[PDB]
Amino acid sequence: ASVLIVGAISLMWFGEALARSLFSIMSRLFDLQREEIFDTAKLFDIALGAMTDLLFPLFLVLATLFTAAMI
Amino acid sequence: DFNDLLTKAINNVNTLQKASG
Amino acid sequence: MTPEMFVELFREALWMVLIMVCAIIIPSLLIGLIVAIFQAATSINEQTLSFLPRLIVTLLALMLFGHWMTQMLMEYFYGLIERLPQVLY
Amino acid sequence: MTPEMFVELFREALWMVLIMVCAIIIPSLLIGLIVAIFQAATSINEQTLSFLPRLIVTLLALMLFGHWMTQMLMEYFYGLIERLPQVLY
Amino acid sequence: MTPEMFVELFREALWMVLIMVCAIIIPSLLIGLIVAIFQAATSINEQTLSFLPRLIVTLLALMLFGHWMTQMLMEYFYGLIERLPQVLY
Amino acid sequence: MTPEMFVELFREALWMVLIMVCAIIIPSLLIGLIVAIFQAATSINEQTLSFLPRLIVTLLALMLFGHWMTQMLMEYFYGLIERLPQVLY
Amino acid sequence: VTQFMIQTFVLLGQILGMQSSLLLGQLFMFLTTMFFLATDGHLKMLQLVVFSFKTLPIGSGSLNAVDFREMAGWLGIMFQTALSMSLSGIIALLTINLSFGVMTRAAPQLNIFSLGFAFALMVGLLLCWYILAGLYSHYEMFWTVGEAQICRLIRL
Amino acid sequence: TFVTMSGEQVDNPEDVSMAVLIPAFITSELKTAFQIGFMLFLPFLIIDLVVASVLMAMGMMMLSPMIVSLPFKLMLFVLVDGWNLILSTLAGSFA
Amino acid sequence: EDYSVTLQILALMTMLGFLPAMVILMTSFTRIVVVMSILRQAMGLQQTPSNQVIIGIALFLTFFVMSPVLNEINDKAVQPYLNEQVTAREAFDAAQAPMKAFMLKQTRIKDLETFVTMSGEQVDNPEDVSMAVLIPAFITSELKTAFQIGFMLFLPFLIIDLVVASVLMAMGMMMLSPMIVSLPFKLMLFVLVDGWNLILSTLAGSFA
Amino acid sequence: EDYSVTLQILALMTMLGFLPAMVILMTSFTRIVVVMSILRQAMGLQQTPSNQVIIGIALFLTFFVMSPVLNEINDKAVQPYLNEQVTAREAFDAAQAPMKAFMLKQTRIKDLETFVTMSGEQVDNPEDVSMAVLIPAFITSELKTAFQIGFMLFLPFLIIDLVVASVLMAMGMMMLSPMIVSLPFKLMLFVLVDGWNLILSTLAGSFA
Amino acid sequence: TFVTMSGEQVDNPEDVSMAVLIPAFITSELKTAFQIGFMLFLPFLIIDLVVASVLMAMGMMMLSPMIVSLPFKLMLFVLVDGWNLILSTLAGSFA
């Protein structure tokens, strides 16, 4: 019961930043140039970049879930 | 070759129409 | 083709999928035991704390072995093309 | 066809899948039971832990019985073909 | 078509499927309950441990009830054909 | 006529199907909770156990509410037919 | 343009149905067709095309590139309008399902699976009853947006 | 609408020309037919929603509701004597 | 030498019969539909946008992006032909060239090499290759390009779905399907960023 | 005594009437179409490439791979016929011979064996068999060959699907559907391997 | 069935009228076709059932067995040489 509450509490502040993280990923992956589309290597680099930029905010929220779970 | 087969056929029809007209 | 060619092809994919999945789930499995013995030491019966360490290590495995896995599958796609004339021979 | 002939065909088809499915799952069933006993012996309960051994063993079972499954299926298809003239009359 | 006859055909159809589905599921439901009881007694939490036994008894049930289910389906079709003059006078 | 009257018709129709689906489902929902709480009390963890009990009551509910649901669909059709003058006027 | 509006309501029907753990587009499609007929939408379109003859003569005049891009941008109009109509209901669908999940999460023996299927669909049908209660106002605003686009095409 | 589109000045409805009355007649009859027809559609849509939700209640998400609803759709039409009910109202609808 | 009026009419009606092929094999229709197919598939909606509006939007999008080439055909070919400045044979060639130039701008060198060797012909300049060989190379490049764009469009929706699933699992509720919760979030993030307008810019401008 | 001009025209007009049958049975069209169909179903996309584009690609491919036999017909049966060098009956035989030879190179002896026995004709050499027997044997061989190639291309996509499902099941998120997440990787692998150019090249090289 | 329906007096089957044989012949062909089809359906059904249960054993209840089963369905038809076996049996079914 406590774990889900703190997650909702975390979504109050961390969720807004997570919403910003999702906003940036969609905006970048939608706005592509002619040079970026025709290069396979550049697509994978942005795929890794969007992947890693997601991890940091997601890890913080899940850590906020883990920390309250032990306590 | 085979591509020119259609071109020759159309030209003959055009020539026959041109002479007839 | 021949029944033996199918088994050769079937095993190679089965060996490939086994290697592809094992590289990622091995680190998560070990971390699960490490969290399990930690919860055995403190006698805490919570079962949701272990999700985060597995998820973090799983992404770490994907980042470390991402190029190797993609290259292995890409070369596997080329390999079937190379052996395609042999089957159709 | 006679209803008894239909049940015969139905039974041998269900027997075919039962033999095939058990030969593949029984190795996974035993491994899952072994891991569960080991977890109980060390007083841990991790649901996701007993997945890597089952997946690998099942893949090994599929590779080992590749020729056996193909032989069983090919002979079963021939058996129905050869049993067809008996039915149509 | 009177509404009373429509409900009678609806009920007899639902009664037939209920009899058939219950006769098949019950052997799997009993085995699944037995394995679940066994797991609780020995305090293990494997999930898919109670899948293969359910599949085996379900397939075995279909083999044993093949004659019974076939006869009832044939009887039901014959009954509706014979009941046709009553439906439309 | 006016679009609002069409909304009232469509809300009325959706209201009826809510009554139809509630009469069928609620008997199955109650049995699902009864079995689930019983398993929780007895520490039984068979997830697929509570399927046939829900199916049995669902089929029984259809047979029990056969007359009422008929009377209701037919009268709804007559209600719309007698409401056609609204459209013509 | 007319197909865009109706299919957007079909979009509204299916998003509610998908969120309702579930043909519901047809229910909205039929009702939206009634809205089109009841509001004399067909008469307005006929008035629009005859007005097109006046302000957009047959001889000199055709759709330019900008008209094609404006008409191609109506997919975003669909999702924005469909989400706007269903945002209140979709939040209601999520919060009750999340509330049901957290409230029954105490005992992992119950779970939801098919039991959750029954609960979700009953509430989803009930929410669609609320959606039909206030759908007419959304249609009126949607028609104004669509009609303005049509006049832009005919340069009226 | 049509007298405005035709651009003719007529003070009363009963003096409109036949050139503008014919398109006005079919346009109105199309609206009437669509409104009458889709109301008949509603009871058959009710059956579809009921059976589909029931099938989804048991987790049978792969069974197509349309084949299951088809026998019941036919029964609803024959129980209400549909082929006589629609024609009687259609005949009485005109004036 | 020039085709007679009767023969020119026959050619005109023939191209009208093949008009659906020219849209889906020579213009940008194939890339737009495939990309829009991915967008519908990426979101939880299966048939919700429906096939009719996607084709209709694709047709209008093609007329937008083909407007430069269509106008170039109009000026170079149609105008001299209408004014009887040039004969029908050269007018047809003057109309074919802008289509060939546009297909070259959307193809790859590797694709052309494969088909020119496949046809078993001799050529040294890509600019004067037969249109019969350019068409298969054009669509092959279009399909590969569309998959690239679709893959990039699929990533953000996969990102959202994985986050929601992880959050639900981390909260302990291993019983709730992530799809139902994730669908509004995918739709909300598709609207508040005005996703379709961004897709229009990266699709219409992708040709240039 | 070659066929009269009126009968020669009547025969040629009949062959144009059966042109769809000749393409779909006596040519390489069927194998390419089936392999493309298997590949499309192998991925998560149901009908994203669309049926008209698939047939359009196959029509160009089947024309290129059969250009050698098409030229051989022209150089041995059409040009001598137009130059008044061969009897019309001889020219028809000269056109049929390369077509029969091509179909024999892509047929299986088991297919010939069963159809020859089915027709009940006493023929030994596998070169003087009738077209009535050769065509069903050829189309049967093309279907079987297409299935083998279709299975070959299907395996890598099956590997991705199993890996994604296994990884998701490792994290305990059994409720998450593997198909939605698997699809972008299926597009990913097919595009960095240059699939479209690769498959059409292999299909072109297959007929040999 | 058709002799009693046609109301004719027939002593032996080998002298029935053509008008009473054509409906009977096509009826028997349809029934015989279904029996042969059921024979061929079983091997592919068994593969589908086998792969569906194996996937369910490993706990993945969301992966569709149809996608996984398809490569094996094709292979079974290949290494058995289906397009020669099926056609030979169909031709041999009239002897």
# chains A, B, ... in the order shown; residues from 1 in each chain; ligands from 1

$ residues_around --residues "residue C:44" --least-positions-apart "5" --cutoff "9 Å" --atoms "only C-alpha atoms" --output "number ranges by chain"
A: 70; C: 38-39

$ residues_around --residues "residue F:35" --least-positions-apart "2" --cutoff "9 Å" --atoms "only C-alpha atoms" --output "CSV table (one decimal) with N, CA and C atoms, in the first residue's frame"
chain,number,residue,atom,x,y,z
F,30,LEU,N,-19.6,-12.1,-9.1
F,30,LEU,CA,-19.7,-12.5,-7.7
F,30,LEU,C,-19.0,-13.8,-7.4
F,31,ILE,N,-19.2,-14.8,-8.3
F,31,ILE,CA,-18.5,-16.0,-8.2
F,31,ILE,C,-17.0,-15.9,-8.3
F,32,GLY,N,-16.6,-15.0,-9.2
F,32,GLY,CA,-15.1,-14.8,-9.3
F,32,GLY,C,-14.5,-14.3,-8.0
F,33,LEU,N,-15.2,-13.3,-7.4
F,33,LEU,CA,-14.7,-12.8,-6.1
F,33,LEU,C,-14.8,-13.9,-5.0
F,37,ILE,N,-11.4,-14.8,-3.1
F,37,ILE,CA,-11.2,-14.6,-1.6
F,37,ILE,C,-11.0,-15.9,-0.9
F,38,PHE,N,-11.7,-17.0,-1.4
F,38,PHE,CA,-11.5,-18.3,-0.8
F,38,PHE,C,-10.0,-18.8,-1.0
F,39,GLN,N,-9.5,-18.6,-2.2
F,39,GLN,CA,-8.1,-18.9,-2.5
F,39,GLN,C,-7.2,-18.1,-1.6
F,40,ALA,N,-7.5,-16.8,-1.5
F,40,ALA,CA,-6.6,-15.9,-0.6
F,40,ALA,C,-6.6,-16.4,0.8
F,49,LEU,N,-8.1,-21.4,-12.0
F,49,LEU,CA,-9.2,-22.2,-11.4
F,49,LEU,C,-10.6,-21.7,-11.5
F,50,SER,N,-10.7,-20.3,-11.4
F,50,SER,CA,-12.0,-19.7,-11.4
F,50,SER,C,-12.4,-19.2,-12.8
F,53,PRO,N,-16.4,-22.0,-13.0
F,53,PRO,CA,-17.5,-21.5,-12.2
F,53,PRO,C,-18.1,-20.2,-12.7
G,110,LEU,N,-6.2,-12.9,-5.8
G,110,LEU,CA,-7.4,-12.6,-6.6
G,110,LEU,C,-7.0,-12.2,-8.1

$ residues_around --residues "residue A:37" --least-positions-apart "3" --cutoff "10 Å" --atoms "only C-alpha atoms" --output "number ranges by chain"
A: 32-34, 40-43; I: 145-149, 152, 202, 206

$ residues_around --residues "residue C:24" --least-positions-apart "4" --cutoff "8 Å" --atoms "only C-alpha atoms" --output "PyMOL selection string"
(chain C and resi 20+28+58+61-62) or (chain J and resi 167)

$ write_last_selection --atoms "N, CA, C and O atoms" --output "PDB file, in the first residue's frame"
ATOM      1  N   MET C  20      21.408 -15.250 -27.768  1.00  0.00           N
ATOM      2  CA  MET C  20      20.924 -13.873 -27.759  1.00  0.00           C
ATOM      3  C   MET C  20      20.235 -13.531 -26.444  1.00  0.00           C
ATOM      4  O   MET C  20      20.423 -12.434 -25.904  1.00  0.00           O
ATOM      5  N   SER C  28      20.771 -10.415 -14.958  1.00  0.00           N
ATOM      6  CA  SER C  28      19.577 -10.185 -14.150  1.00  0.00           C
ATOM      7  C   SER C  28      19.334 -11.341 -13.188  1.00  0.00           C
ATOM      8  O   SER C  28      18.906 -11.130 -12.047  1.00  0.00           O
ATOM      9  N   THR C  58      19.522  -5.089 -16.681  1.00  0.00           N
ATOM     10  CA  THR C  58      19.081  -5.529 -18.002  1.00  0.00           C
ATOM     11  C   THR C  58      19.395  -4.483 -19.066  1.00  0.00           C
ATOM     12  O   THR C  58      19.882  -4.821 -20.151  1.00  0.00           O
ATOM     13  N   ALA C  61      23.067  -4.563 -19.710  1.00  0.00           N
ATOM     14  CA  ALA C  61      23.432  -5.649 -20.614  1.00  0.00           C
ATOM     15  C   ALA C  61      23.098  -5.302 -22.059  1.00  0.00           C
ATOM     16  O   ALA C  61      23.874  -5.607 -22.973  1.00  0.00           O
ATOM     17  N   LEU C  62      21.944  -4.671 -22.285  1.00  0.00           N
ATOM     18  CA  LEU C  62      21.569  -4.271 -23.638  1.00  0.00           C
ATOM     19  C   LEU C  62      22.556  -3.256 -24.203  1.00  0.00           C
ATOM     20  O   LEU C  62      22.943  -3.334 -25.374  1.00  0.00           O
TER      21      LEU C  62
ATOM     22  N   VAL J 167      12.784 -11.887 -23.110  1.00  0.00           N
ATOM     23  CA  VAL J 167      13.292 -10.796 -22.280  1.00  0.00           C
ATOM     24  C   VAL J 167      12.167 -10.182 -21.456  1.00  0.00           C
ATOM     25  O   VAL J 167      12.334  -9.900 -20.263  1.00  0.00           O
TER      26      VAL J 167
END

$ select_by_dssp --residues "stretch 11-189 of chain J" --states "alpha helix (DSSP H)" --output "PyMOL selection string"
chain J and resi 11-17+19-26+29-42+51-65+67-73+79-82+88-105+109-119+131-170+178-189

$ residues_around --residues "stretch 36-53 of chain J" --least-positions-apart "6" --cutoff "9 Å" --atoms "only C-alpha atoms" --output "PDB file with N, CA and C atoms, in the first residue's frame"
ATOM      1  N   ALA I  21      -1.714   3.244 -61.265  1.00  0.00           N
ATOM      2  CA  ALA I  21      -0.353   2.729 -61.184  1.00  0.00           C
ATOM      3  C   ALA I  21       0.669   3.848 -61.065  1.00  0.00           C
ATOM      4  N   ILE I  24       0.875   5.131 -57.437  1.00  0.00           N
ATOM      5  CA  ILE I  24       1.417   4.247 -56.410  1.00  0.00           C
ATOM      6  C   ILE I  24       2.768   3.653 -56.781  1.00  0.00           C
ATOM      7  N   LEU I  25       3.270   3.909 -57.987  1.00  0.00           N
ATOM      8  CA  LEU I  25       4.568   3.395 -58.405  1.00  0.00           C
ATOM      9  C   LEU I  25       5.563   4.473 -58.799  1.00  0.00           C
ATOM     10  N   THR I  30       3.516   5.817 -52.240  1.00  0.00           N
ATOM     11  CA  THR I  30       3.932   4.607 -51.537  1.00  0.00           C
ATOM     12  C   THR I  30       4.593   4.933 -50.202  1.00  0.00           C
ATOM     13  N   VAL I  33       1.953   6.345 -47.484  1.00  0.00           N
ATOM     14  CA  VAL I  33       1.026   5.350 -46.951  1.00  0.00           C
ATOM     15  C   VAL I  33       1.745   4.389 -46.013  1.00  0.00           C
ATOM     16  N   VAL I  34       2.949   3.953 -46.388  1.00  0.00           N
ATOM     17  CA  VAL I  34       3.701   3.043 -45.527  1.00  0.00           C
ATOM     18  C   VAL I  34       4.027   3.711 -44.198  1.00  0.00           C
ATOM     19  N   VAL I  35       4.468   4.970 -44.235  1.00  0.00           N
ATOM     20  CA  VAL I  35       4.767   5.689 -42.999  1.00  0.00           C
ATOM     21  C   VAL I  35       3.508   5.858 -42.158  1.00  0.00           C
ATOM     22  N   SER I  37       0.984   3.937 -42.292  1.00  0.00           N
ATOM     23  CA  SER I  37       0.639   2.601 -41.819  1.00  0.00           C
ATOM     24  C   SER I  37       1.364   2.274 -40.520  1.00  0.00           C
ATOM     25  N   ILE I  38       2.633   2.675 -40.413  1.00  0.00           N
ATOM     26  CA  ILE I  38       3.386   2.447 -39.182  1.00  0.00           C
ATOM     27  C   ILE I  38       2.779   3.241 -38.032  1.00  0.00           C
ATOM     28  N   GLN I  41      -0.197   1.526 -36.766  1.00  0.00           N
ATOM     29  CA  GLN I  41       0.204   0.294 -36.098  1.00  0.00           C
ATOM     30  C   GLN I  41       0.906   0.569 -34.774  1.00  0.00           C
ATOM     31  N   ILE I 139      10.833   2.530 -56.178  1.00  0.00           N
ATOM     32  CA  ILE I 139       9.976   2.031 -55.107  1.00  0.00           C
ATOM     33  C   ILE I 139      10.782   1.248 -54.079  1.00  0.00           C
ATOM     34  N   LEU I 143      10.512   2.101 -50.248  1.00  0.00           N
ATOM     35  CA  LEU I 143      10.152   1.191 -49.165  1.00  0.00           C
ATOM     36  C   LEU I 143      11.202   1.201 -48.061  1.00  0.00           C
TER      37      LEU I 143
ATOM     38  N   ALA J 146       9.204 -21.452 -53.470  1.00  0.00           N
ATOM     39  CA  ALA J 146       8.858 -20.221 -52.766  1.00  0.00           C
ATOM     40  C   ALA J 146       8.685 -20.467 -51.273  1.00  0.00           C
ATOM     41  N   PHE J 147       8.100 -21.609 -50.903  1.00  0.00           N
ATOM     42  CA  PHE J 147       7.950 -21.936 -49.489  1.00  0.00           C
ATOM     43  C   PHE J 147       9.305 -22.095 -48.812  1.00  0.00           C
ATOM     44  N   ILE J 149      12.171 -20.647 -49.668  1.00  0.00           N
ATOM     45  CA  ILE J 149      12.744 -19.315 -49.500  1.00  0.00           C
ATOM     46  C   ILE J 149      11.971 -18.533 -48.445  1.00  0.00           C
ATOM     47  N   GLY J 150      10.649 -18.710 -48.400  1.00  0.00           N
ATOM     48  CA  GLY J 150       9.856 -18.025 -47.393  1.00  0.00           C
ATOM     49  C   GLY J 150      10.201 -18.457 -45.981  1.00  0.00           C
ATOM     50  N   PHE J 151      10.422 -19.759 -45.783  1.00  0.00           N
ATOM     51  CA  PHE J 151      10.863 -20.245 -44.480  1.00  0.00           C
ATOM     52  C   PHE J 151      12.241 -19.699 -44.127  1.00  0.00           C
ATOM     53  N   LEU J 153      13.610 -16.814 -44.972  1.00  0.00           N
ATOM     54  CA  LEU J 153      13.520 -15.420 -44.550  1.00  0.00           C
ATOM     55  C   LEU J 153      12.734 -15.268 -43.253  1.00  0.00           C
ATOM     56  N   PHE J 154      11.859 -16.224 -42.942  1.00  0.00           N
ATOM     57  CA  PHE J 154      11.032 -16.125 -41.745  1.00  0.00           C
ATOM     58  C   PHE J 154      11.836 -16.336 -40.468  1.00  0.00           C
ATOM     59  N   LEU J 155      12.856 -17.193 -40.509  1.00  0.00           N
ATOM     60  CA  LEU J 155      13.594 -17.566 -39.303  1.00  0.00           C
ATOM     61  C   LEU J 155      14.181 -16.382 -38.542  1.00  0.00           C
ATOM     62  N   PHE J 157      13.160 -13.344 -38.285  1.00  0.00           N
ATOM     63  CA  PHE J 157      12.077 -12.628 -37.621  1.00  0.00           C
ATOM     64  C   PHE J 157      11.483 -13.445 -36.482  1.00  0.00           C
ATOM     65  N   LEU J 158      11.503 -14.775 -36.598  1.00  0.00           N
ATOM     66  CA  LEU J 158      11.105 -15.618 -35.476  1.00  0.00           C
ATOM     67  C   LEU J 158      12.098 -15.503 -34.328  1.00  0.00           C
ATOM     68  N   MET J 179       4.369  -8.434 -29.398  1.00  0.00           N
ATOM     69  CA  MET J 179       4.312  -8.074 -30.813  1.00  0.00           C
ATOM     70  C   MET J 179       4.534  -6.581 -31.029  1.00  0.00           C
ATOM     71  N   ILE J 180       3.990  -5.738 -30.148  1.00  0.00           N
ATOM     72  CA  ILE J 180       4.104  -4.293 -30.343  1.00  0.00           C
ATOM     73  C   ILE J 180       5.555  -3.848 -30.199  1.00  0.00           C
ATOM     74  N   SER J 182       8.200  -5.976 -30.549  1.00  0.00           N
ATOM     75  CA  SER J 182       9.041  -6.712 -31.491  1.00  0.00           C
ATOM     76  C   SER J 182       9.127  -6.011 -32.842  1.00  0.00           C
ATOM     77  N   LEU J 183       8.032  -5.390 -33.285  1.00  0.00           N
ATOM     78  CA  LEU J 183       7.954  -4.850 -34.642  1.00  0.00           C
ATOM     79  C   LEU J 183       9.049  -3.845 -34.984  1.00  0.00           C
ATOM     80  N   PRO J 184       9.352  -2.832 -34.158  1.00  0.00           N
ATOM     81  CA  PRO J 184      10.428  -1.900 -34.544  1.00  0.00           C
ATOM     82  C   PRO J 184      11.774  -2.576 -34.725  1.00  0.00           C
ATOM     83  N   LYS J 186      12.096  -5.680 -35.848  1.00  0.00           N
ATOM     84  CA  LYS J 186      11.974  -6.354 -37.136  1.00  0.00           C
ATOM     85  C   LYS J 186      12.219  -5.383 -38.284  1.00  0.00           C
ATOM     86  N   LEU J 187      11.667  -4.171 -38.186  1.00  0.00           N
ATOM     87  CA  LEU J 187      11.995  -3.133 -39.156  1.00  0.00           C
ATOM     88  C   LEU J 187      13.468  -2.754 -39.070  1.00  0.00           C
ATOM     89  N   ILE J 199      16.707  -8.984 -51.043  1.00  0.00           N
ATOM     90  CA  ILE J 199      15.755 -10.034 -51.392  1.00  0.00           C
ATOM     91  C   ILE J 199      15.467 -10.029 -52.889  1.00  0.00           C
TER      92      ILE J 199
ATOM     93  N   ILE K  67       1.860 -16.897 -35.448  1.00  0.00           N
ATOM     94  CA  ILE K  67       3.099 -16.410 -36.049  1.00  0.00           C
ATOM     95  C   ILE K  67       4.209 -17.441 -35.893  1.00  0.00           C
ATOM     96  N   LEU K  70       3.623 -20.762 -38.097  1.00  0.00           N
ATOM     97  CA  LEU K  70       3.629 -20.655 -39.557  1.00  0.00           C
ATOM     98  C   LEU K  70       4.889 -21.212 -40.215  1.00  0.00           C
ATOM     99  N   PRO K  71       6.112 -20.903 -39.760  1.00  0.00           N
ATOM    100  CA  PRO K  71       7.287 -21.504 -40.416  1.00  0.00           C
ATOM    101  C   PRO K  71       7.288 -23.021 -40.379  1.00  0.00           C
TER     102      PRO K  71
END

$ residues_around --residues "stretch 78-87 of chain K" --least-positions-apart "3" --cutoff "10 Å" --atoms "only C-alpha atoms" --output "number ranges by chain"
C: 1-6; D: 70, 73-75, 77-78, 81; J: 110-115, 118, 137, 139-141, 143-145, 147-148, 151; K: 36, 40, 72-75, 90-93

$ residues_around --residues "residue A:56" --least-positions-apart "2" --cutoff "12 Å" --atoms "only C-alpha atoms" --output "ChimeraX atom specification"
/A:14,17-18,21,49-54,58-63 /C:56,59 /I:163

$ write_last_selection --atoms "C-alpha atoms" --output "short mmCIF file (atom, residue, chain, number, x, y, z; two decimals), in the first residue's frame"
data_model
loop_
_atom_site.label_atom_id
_atom_site.label_comp_id
_atom_site.auth_asym_id
_atom_site.auth_seq_id
_atom_site.Cartn_x
_atom_site.Cartn_y
_atom_site.Cartn_z
CA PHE A 14 9.38 13.48 -10.97
CA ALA A 17 10.21 15.92 -15.52
CA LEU A 18 9.44 12.48 -16.97
CA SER A 21 11.72 13.64 -21.08
CA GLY A 49 20.60 8.81 -27.36
CA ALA A 50 16.84 8.70 -26.85
CA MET A 51 17.28 5.41 -24.98
CA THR A 52 19.88 6.73 -22.52
CA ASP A 53 18.15 10.07 -21.94
CA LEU A 54 15.07 8.08 -20.92
CA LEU A 58 13.01 6.61 -15.15
CA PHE A 59 15.68 5.28 -12.78
CA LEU A 60 15.02 8.12 -10.31
CA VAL A 61 11.29 7.38 -10.18
CA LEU A 62 11.82 3.64 -9.72
CA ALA A 63 14.47 4.36 -7.08
CA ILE C 56 18.80 -1.45 -14.41
CA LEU C 59 19.48 -2.15 -19.71
CA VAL I 163 7.99 3.17 -19.14
#

$ decode --residues "stretch 62-77 of chain D" --atoms "N, CA and C atoms" --output "PDB file, in the first residue's frame"
ATOM      1  N   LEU D  62      14.243 -28.907 -27.504  1.00  0.00           N
ATOM      2  CA  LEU D  62      13.841 -28.752 -28.899  1.00  0.00           C
ATOM      3  C   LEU D  62      14.967 -29.149 -29.845  1.00  0.00           C
ATOM      4  N   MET D  63      16.201 -28.748 -29.531  1.00  0.00           N
ATOM      5  CA  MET D  63      17.335 -29.110 -30.377  1.00  0.00           C
ATOM      6  C   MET D  63      17.574 -30.615 -30.374  1.00  0.00           C
ATOM      7  N   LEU D  64      17.486 -31.248 -29.201  1.00  0.00           N
ATOM      8  CA  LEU D  64      17.792 -32.672 -29.101  1.00  0.00           C
ATOM      9  C   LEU D  64      16.780 -33.519 -29.863  1.00  0.00           C
ATOM     10  N   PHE D  65      15.493 -33.191 -29.752  1.00  0.00           N
ATOM     11  CA  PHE D  65      14.433 -33.956 -30.392  1.00  0.00           C
ATOM     12  C   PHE D  65      14.031 -33.378 -31.745  1.00  0.00           C
ATOM     13  N   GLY D  66      14.938 -32.662 -32.411  1.00  0.00           N
ATOM     14  CA  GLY D  66      14.615 -32.108 -33.717  1.00  0.00           C
ATOM     15  C   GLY D  66      14.343 -33.181 -34.753  1.00  0.00           C
ATOM     16  N   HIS D  67      15.203 -34.201 -34.804  1.00  0.00           N
ATOM     17  CA  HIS D  67      14.998 -35.289 -35.755  1.00  0.00           C
ATOM     18  C   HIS D  67      13.792 -36.138 -35.374  1.00  0.00           C
ATOM     19  N   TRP D  68      13.556 -36.318 -34.072  1.00  0.00           N
ATOM     20  CA  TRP D  68      12.447 -37.159 -33.630  1.00  0.00           C
ATOM     21  C   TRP D  68      11.100 -36.520 -33.947  1.00  0.00           C
ATOM     22  N   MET D  69      10.964 -35.213 -33.700  1.00  0.00           N
ATOM     23  CA  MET D  69       9.707 -34.534 -34.001  1.00  0.00           C
ATOM     24  C   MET D  69       9.433 -34.512 -35.499  1.00  0.00           C
ATOM     25  N   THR D  70      10.462 -34.238 -36.305  1.00  0.00           N
ATOM     26  CA  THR D  70      10.284 -34.232 -37.754  1.00  0.00           C
ATOM     27  C   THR D  70       9.895 -35.611 -38.268  1.00  0.00           C
ATOM     28  N   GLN D  71      10.554 -36.658 -37.767  1.00  0.00           N
ATOM     29  CA  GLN D  71      10.219 -38.015 -38.190  1.00  0.00           C
ATOM     30  C   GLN D  71       8.796 -38.378 -37.789  1.00  0.00           C
ATOM     31  N   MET D  72       8.386 -37.994 -36.578  1.00  0.00           N
ATOM     32  CA  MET D  72       7.032 -38.298 -36.123  1.00  0.00           C
ATOM     33  C   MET D  72       5.986 -37.587 -36.971  1.00  0.00           C
ATOM     34  N   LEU D  73       6.221 -36.315 -37.296  1.00  0.00           N
ATOM     35  CA  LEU D  73       5.250 -35.555 -38.077  1.00  0.00           C
ATOM     36  C   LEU D  73       5.169 -36.063 -39.512  1.00  0.00           C
ATOM     37  N   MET D  74       6.320 -36.340 -40.129  1.00  0.00           N
ATOM     38  CA  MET D  74       6.322 -36.804 -41.514  1.00  0.00           C
ATOM     39  C   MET D  74       5.626 -38.153 -41.650  1.00  0.00           C
ATOM     40  N   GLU D  75       5.864 -39.063 -40.702  1.00  0.00           N
ATOM     41  CA  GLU D  75       5.205 -40.364 -40.752  1.00  0.00           C
ATOM     42  C   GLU D  75       3.712 -40.243 -40.476  1.00  0.00           C
ATOM     43  N   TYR D  76       3.322 -39.319 -39.594  1.00  0.00           N
ATOM     44  CA  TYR D  76       1.902 -39.115 -39.323  1.00  0.00           C
ATOM     45  C   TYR D  76       1.176 -38.583 -40.551  1.00  0.00           C
ATOM     46  N   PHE D  77       1.804 -37.659 -41.281  1.00  0.00           N
ATOM     47  CA  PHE D  77       1.202 -37.152 -42.510  1.00  0.00           C
ATOM     48  C   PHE D  77       1.059 -38.264 -43.543  1.00  0.00           C
TER      49      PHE D  77
END
